[PDB]
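The next block holds one structure in the form of structure tokens; read it before the comments.
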Amino acid sequence: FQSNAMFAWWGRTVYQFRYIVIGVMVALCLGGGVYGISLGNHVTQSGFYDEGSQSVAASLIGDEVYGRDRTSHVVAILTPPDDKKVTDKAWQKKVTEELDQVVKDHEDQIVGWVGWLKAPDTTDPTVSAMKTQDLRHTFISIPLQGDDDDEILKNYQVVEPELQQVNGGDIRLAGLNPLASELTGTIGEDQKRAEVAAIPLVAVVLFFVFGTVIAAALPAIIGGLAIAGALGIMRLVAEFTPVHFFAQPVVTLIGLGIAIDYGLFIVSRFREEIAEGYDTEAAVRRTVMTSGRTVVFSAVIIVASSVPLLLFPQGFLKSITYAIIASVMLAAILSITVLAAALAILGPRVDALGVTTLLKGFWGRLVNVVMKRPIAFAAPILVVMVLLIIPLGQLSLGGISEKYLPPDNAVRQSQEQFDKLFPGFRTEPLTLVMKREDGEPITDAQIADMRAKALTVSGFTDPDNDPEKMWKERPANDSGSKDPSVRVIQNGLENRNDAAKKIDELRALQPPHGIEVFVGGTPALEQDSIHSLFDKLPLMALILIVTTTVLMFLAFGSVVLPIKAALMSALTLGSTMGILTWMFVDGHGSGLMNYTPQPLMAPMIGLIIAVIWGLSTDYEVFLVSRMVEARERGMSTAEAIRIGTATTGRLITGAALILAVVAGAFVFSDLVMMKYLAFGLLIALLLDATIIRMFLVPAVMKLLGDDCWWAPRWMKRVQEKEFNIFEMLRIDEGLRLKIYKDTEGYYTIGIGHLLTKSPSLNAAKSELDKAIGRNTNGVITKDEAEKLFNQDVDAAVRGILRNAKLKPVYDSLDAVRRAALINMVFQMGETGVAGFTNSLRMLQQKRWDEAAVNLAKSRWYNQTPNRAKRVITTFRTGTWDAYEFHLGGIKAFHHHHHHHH
Ligand SMILES: CCCCCCCCCCCCOC[C@H]1O[C@H](O[C@H]2O[C@H](CO)[C@@H](O)[C@H](O)[C@H]2O)[C@H](O)[C@@H](O)[C@@H]1O
Ligand SMILES: CCCCCCCCCCCCOC[C@H]1O[C@H](O[C@H]2O[C@H](CO)[C@@H](O)[C@H](O)[C@H]2O)[C@H](O)[C@@H](O)[C@@H]1O
Ligand SMILES: CCCCCCCCCCCCOC[C@H]1O[C@H](O[C@H]2O[C@H](CO)[C@@H](O)[C@H](O)[C@H]2O)[C@H](O)[C@@H](O)[C@@H]1O
Ligand SMILES: CCCCCCCCCCCCOC[C@H]1O[C@H](O[C@H]2O[C@H](CO)[C@@H](O)[C@H](O)[C@H]2O)[C@H](O)[C@@H](O)[C@@H]1O
Ligand SMILES: CCCCCCCCCCCCOC[C@H]1O[C@H](O[C@H]2O[C@H](CO)[C@@H](O)[C@H](O)[C@H]2O)[C@H](O)[C@@H](O)[C@@H]1O
Ligand SMILES: O=C(NC1CCC2(CCCCC2)CC1)c1cc2c(F)cc(F)cc2[nH]1
Ligand SMILES: NC(=O)CN(CC(=O)O)CC(=O)O
Ligand SMILES: NC(=O)CN(CC(=O)O)CC(=O)O
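Here's what the structure looks like:
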């Protein structure tokens, strides 16, 4: 695999061009934000159905031929004031004139207004039922113009202000368009609730995590930039494919928390790079190379968890998937570009401004408890979660209704009043759409055939008990082509819960010869959508689990840890969905959170499965990979677990808290779908950030310490060669496999190995042949140069340990800093290095910063600054990082002291 090849280059590059990166990407994000403000006028409310289904075809054909039903666009209940009754002919006259005026003013929007009030002397019984028995309320129907849902809704919102002022305001609007206006306005209301309640809370959590103003501010800015760029991208996407309303809040509910968490992790990694003594440029490079990789892998995991949603046919789920993908990918891009560039500019200045600026280890021991006795905690945790799965099996599913809004919502209440006062009018029948393959008309006899065949099916509502009084032809209006080759008949259902059966029965009827039959109606559309979701759930789950487990094996290098992860994520998923059913189907929580218990939107369960699985996988890989890394750390115990939970404890709690703040803003949504999604997010977050991270996954995983890392893998993951003193000096003194003359004109070879000060080259050839034990012809191989160099360092170390000024400082140093001191000795002699009494003593006392600052003041640094700066930063950090990423190549080769023979 390709660990750290491209990320090192990018880490050099962002420091190299921090200014234009921070300019270009900020320009892009702000331009995208401006462009994406227009999103909201280019979003759709459609997307809940299966557009390949037979119900949708029945809808398309029936609307084309009979005209779309616009009778439920807008119902308006009028109550005459001052206890006057609908038969008051003066009140009648004035409201007629008002309605006619608004219609005349809005003929681009209103087809007309229809009702009993238009013919109060009529004898039509259905029209007569448009007034109450007490003569105190009468409703009218106001069909609107337009040829998709969104255009109709916009027309309604255009005419609604003037329509509410009719009858002195004593008019109550209901039907599909007032409800759709309310349901789609919930989006913006949730937006501003997040703006006012979550941004300050994220600010306090950020400042608590960091402690200084700038460090806390950077992730907030990164999140804002991500929000803006992602809204821009979604608008651009809207130019080509339709984008559902619900896609806007998802950008900020899911995306904003992820953006900020990425930012915060990068910033804390940068700060700990600084605290370890690294250059700002080295810091930037190493944070992108370490934490940028895991940020990007998190992005890959979230995208991998989201893309299986694209199997489902609902445009709703597709728009949400696009939004998730756009948000998280931009968040990763921003975190390793804008943020890295900013940090490259600031350097250590990120900690400058402290708490006072006014203008307007606990982990480790808790895990040792679970560790020393695990099963006593694993078992009850593992059974409470299954008895939270038990409510799952009951789940109810249904379509959109007035009850998606809160009970105290005025529009929902106008709908409920209309249904209480005029019960017969709101119907959702099943349609039989008959289409002739040939274009010739359908005869009356063929309709009689289909009519009888339909009569063979039970469970269909029958108002009047008459064979012919059933399955009436659908009404035709002016918008319909009236094509004779297709005719529709319809009838309502007896039991609303008997639809799926009845539809199937209606689909099993052998239709007449030469015709094709599509059965539609709202129950048909809803049930077909549900069938599509239930039918694609297996493949979606399979791809989800297989992709995530493969990613997790890449991350873990084990075949048991990803399987454990998969099943614990499935387990918290089942548990959290059980809780959700407990709250939103059975209602435990309904009174406090102000929502109506009801079935759930069917695409919501696919959305929530993908979302919860993704979150579980993300948090679990972040927690577990730093326990599996403990082999770079070399500690073989199951103590990997304790250090991995302790190293990532504060970080996980901060990230979880920030996302929890954002989702807690959204649990208060007037839209029960949004409530259910935000709540699922919150429940999964608290389940994975506490009960699974802190208690379970130490427990079940101590059941297998050494049996879990790379348990059974043949060839698995290559370990990079550790750097050494040979490579260090090969950089500093060159490695030459043929004799050459150094700056002083002397015959040198290998790594700074003087052969002789003789002018005779063949004297050097003789000496090199003597040293190597063969006639070399003045050429050696790299391994021979390596052995010659090892002999030179053995001589150097002998000399160091015999020197009273160097032996103490040398003995007190680790292997890397010892190699730095030996480097100094090679370059300048024991005596030379021994002149650094102050510096050497600071090194002996592990005062790395003081020693580095003092050594930088030397004439050694002045005459050979690049080599000296490499050695000095090696003394600082105690690592090989200054050599694993150094400046150019050397040009002046000088043989070192302590050349051995
Ligand atoms: C942010 C969340 C917002 C959620 C709020 C949405 C709740 C209100 C929904 C309004 C739906 C109006 O439904 C009434 C219409 O239903 C069908 O047609 C609809 O379904 C067909 C097949 O899909 C499409 O071809 C038609 O274009 C499409 O109008 C009927 O054929 C139309 O005669 C009837 O007028
Ligand atoms: C989730 C949201 C759910 C929303 C549920 C709301 C459902 C509302 C459905 C209301 C439909 C009632 O309107 C039906 C009216 O239309 C037409 O009028 C005609 O009546 C007489 C001749 O029949 C004359 O007065 C006119 O010349 C003529 O126009 C029809 O011929 C009648 O059947 C009926 O009068
Ligand atoms: C960061 C993530 C960004 C992801 C962005 C993905 C945007 C997808 C662009 C197009 C929608 C993809 O889905 C396929 C879509 O094609 C349709 O229209 C098309 O109808 C014919 C069918 O072949 C074409 O020939 C037309 O050219 C074409 O307009 C509609 O658009 C969607 O109802 C439908 O699903
Ligand atoms: C459907 C989605 C379509 C996208 C295309 C699929 C591409 C699949 C992989 C993409 C490569 C992106 O980088 C993935 C890299 O990240 C991982 O992180 C781990 O090493 C990081 C560096 O320290 C830290 O994250 C943690 O150590 C630890 O998590 C590892 O480095 C490697 O597994 C991999 O090299
Ligand atoms: C876990 C870490 C922290 C998690 C939480 C983070 C902060 C989230 C809370 C921010 C505001 C809290 O609620 C404020 C909301 O409630 C009131 O209205 C409604 O309150 C209930 C339904 O919302 C019902 O009483 C009524 O429908 C109606 O009165 C306000 O008027 C709304 O404008 C505001 O939206
Ligand atoms: O917090 C979500 N990851 C966390 C994982 C922990 C981080 C990993 C990188 C270093 C800092 C910690 C970042 C944030 C998260 C995942 C997720 C998902 F897959 C779907 C979804 F809808 C919401 C999600 N949130
Ligand atoms: N680190 C050094 O170069 C020490 N030098 C420089 C100094 O500290 O003044 C003095 C000494 O010879 O002890
Ligand atoms: N030739 C170089 O760039 C390095 N120079 C010295 C330096 O400036 O670091 C020679 C040496 O390593 O002693």
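Numbering (the authors' numbering) for the sequence shown: -4 to 355, 388 to 928. Just so you know, even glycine gets a beta-carbon here, dropped at the ideal spot from N, CA and C.
Helix, strand or coil at residue i according to DSSP, with G and I counted as helix
i      : result
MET628 : strand
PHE241 : coil
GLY35  : coil
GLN517 : strand
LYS499 : strand
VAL820 : helix
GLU747 : coil
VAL109 : strand
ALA347 : coil
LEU459 : strand
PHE235 : coil
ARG825 : helix
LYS765 : strand
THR181 : helix
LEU788 : helix
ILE166 : strand
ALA3   : helix
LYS80  : coil
Same chain, Cβ closer than 7 Å to residue i, five either side skipped, listed in chain order
i      : result
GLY486 : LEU520, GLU521, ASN522, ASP525 and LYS529
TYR774 : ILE766, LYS768, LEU782, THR783, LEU788 and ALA791
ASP446 : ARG453
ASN881 : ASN865, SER866 and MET869
Residue i and residue j closer than 9 Å at C-beta
i      : j      : result
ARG658 : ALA667 : yes
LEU139 : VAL90  : no
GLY707 : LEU607 : yes
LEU329 : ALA277 : no
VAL544 : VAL484 : no
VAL97  : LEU171 : no
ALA705 : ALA726 : no
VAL204 : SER293 : no
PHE311 : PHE693 : no
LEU168 : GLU155 : yes
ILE261 : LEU338 : yes
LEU415 : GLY601 : yes
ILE249 : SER300 : no
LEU422 : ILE632 : yes
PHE449 : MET125 : yes
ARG514 : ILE474 : yes
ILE719 : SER643 : yes
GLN625 : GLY425 : yes
Residue i versus residue j: straight-line alpha-carbon distance, rounded
i       : j      : result
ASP165  : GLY31  : 39 Å
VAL745  : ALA212 : 39 Å
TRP5    : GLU268 : 17 Å
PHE(-4) : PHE2   : 13 Å
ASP531  : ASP119 : 36 Å
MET398  : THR285 : 29 Å
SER176  : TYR431 : 13 Å
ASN504  : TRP111 : 19 Å
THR470  : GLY541 : 12 Å
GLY466  : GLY62  : 19 Å
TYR888  : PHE902 : 14 Å
Spatial neighbours of residue i in its chain, beta-carbon cut-off 6 Å, leaving aside the 5 residues before and after
i      : result
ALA665 : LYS729 and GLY732
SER314 : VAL238, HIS239 and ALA242
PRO173 : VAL438
Close-in-space but distant-in-sequence residues of the same chain around residue i (CB under 8 Å, 5 per side omitted)
i      : result
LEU709 : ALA687, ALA690, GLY691 and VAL694
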